[PDB]
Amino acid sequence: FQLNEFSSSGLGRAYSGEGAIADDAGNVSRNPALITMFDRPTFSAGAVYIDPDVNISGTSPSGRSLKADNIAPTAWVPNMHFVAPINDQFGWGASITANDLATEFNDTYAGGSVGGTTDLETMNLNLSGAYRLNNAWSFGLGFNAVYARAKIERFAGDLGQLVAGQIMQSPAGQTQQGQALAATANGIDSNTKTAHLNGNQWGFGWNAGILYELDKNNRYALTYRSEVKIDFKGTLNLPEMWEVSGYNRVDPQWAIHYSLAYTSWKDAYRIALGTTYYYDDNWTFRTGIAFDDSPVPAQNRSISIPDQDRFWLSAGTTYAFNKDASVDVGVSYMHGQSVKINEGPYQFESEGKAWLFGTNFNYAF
C-alpha cells in the first residue's frame, strides 16, 4: 500500500512531476540527479497529517454484520531532507521519509479472520550522490535502508458459526455426535486469536535518476526505484518503481509539472498533473490532480489493506520569509472507489476517502 508523502510541497501539487521540480530540498528523495540543481546547502523538514475515513459493510452468511466504521486511524508522517553541493560537478543528500499503513477492526468482528488489526510502518533512510555531466545532463544514485515494523492480528470471527451451520445442514446434523460437533464449532469465541505476528526488520535497495535540462526553465526525468527485501520473522516487498516527469516554467509567474509512474509488485500506474503559480517574492501557490490505478486485482483485494483506484485534489502555498527561509502548507483530499471485496467466505463493500494536511520548513545556509 505505499504511496509516498515525502513533502508538504509535493502534497500541495498532488505530487506531480516530483522528479523534475526542485524548488526545495524535498525532491532529491525522488530523483537524486536533482542534487545538481542546488547552489548551496538546503534543508527541509516537516510532517503530513493523514485523516482517513475507511468503512466496510455487508453481511456474513452466518447472519452477523460485517459493518466496521472508520477502520483506518489518523496518522502523522514526518519528513526531513538535506542537500548540499560538494563540488562543481558533484553533490550529495540524505533524507528520512516514512509510510504508515493502519487498519483496525474490533476483535469481536464477524469478519475477524481477515479483519483484526494490521499495522505496517515504514521508515526510509536515504543517502545519495549526484554527478552533473554538463549543462543538460545529471545522474544521481541513492542507497536506501528501510525499517519495517509490521504487526498482524487475526481472529476467528463467525467461522465456527459457519462450520456449525454447515454441519447442521449435512446428514450429520442429526446425531448426538453431529450436533455436538456443530455445537463445539459454534462455541468458538469470535475474538479467539487465530493469527499473531509482529516484527521489526530492515530492507535495502537503491534508486537512480537521470535529469535532462532544456534550459533553466524546462527539465525532464526518468527515475528507477529498486525492489526492497524485508524478510520478516514474527515477507513484505516494496515493488520496483519507474517514473517519468517533466517541469515547464512557461512564464515568470507560471510553471507546469507532471509525471507517470509504474509499479510492478501485479501492475499499477500513477498519473499526476499540476501547476505552480509564483505570485511574487514572498508567495507561491500550487494545485494538483492525480490518479493511481490499483495494483491488486479484483479478487486479491482485502478489507485489511485499504487500496483501490484513488483520485487526488490538492492545493498549497509557500511563504518565503526572505531568501533562505520558507514555510510550505499543503492540503489534499483523496477519494477511493467504492469496491466490492470477496475475501474468504465473506463479501464486503469498501469505500474510503481521506484528508491530508502538511507543513514543511525550508532553509538554505
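When you see a residue number, it is the position in the sequence shown, counting from 1.
- Unmodelled residues of the deposited sequence between residue 265 and residue 266: 10 or more.
- Counting the deposited residues that fall between residue 234 and residue 235 and carry no coordinates gives a value of 10 or more.
- Of the two stretches examined, 339-347 and 21-29, the record assigns the greater average C-alpha temperature factor to 339-347.
- The mean C-alpha temperature factor is higher for 303-311 when 303-311 and 33-41 are set side by side.
- Among 177, 95, 194, 122, the highest C-alpha B-factor recorded in the PDB entry belongs to 177.
- Note on the listed residues 160, 205, 274, 171: the highest Cα temperature factor in the record is that of 171.
- Remark: residue 243 belongs to the lowest third of its chain, ranked by C-alpha B-factor as recorded.
- Ranked within its chain, residue 56 lands in the middle third, by CA B factor from the PDB record.
- In this PDB entry, the Cα temperature factor of residue 325 sits in the middle third of its chain's modelled residues.
- When all modelled residues of the chain are sorted by CA temperature factor, residue 200 is found within the highest third.
- In this PDB entry, residue 105 carries a Cα temperature factor that places it within the highest third of its chain's modelled residues.
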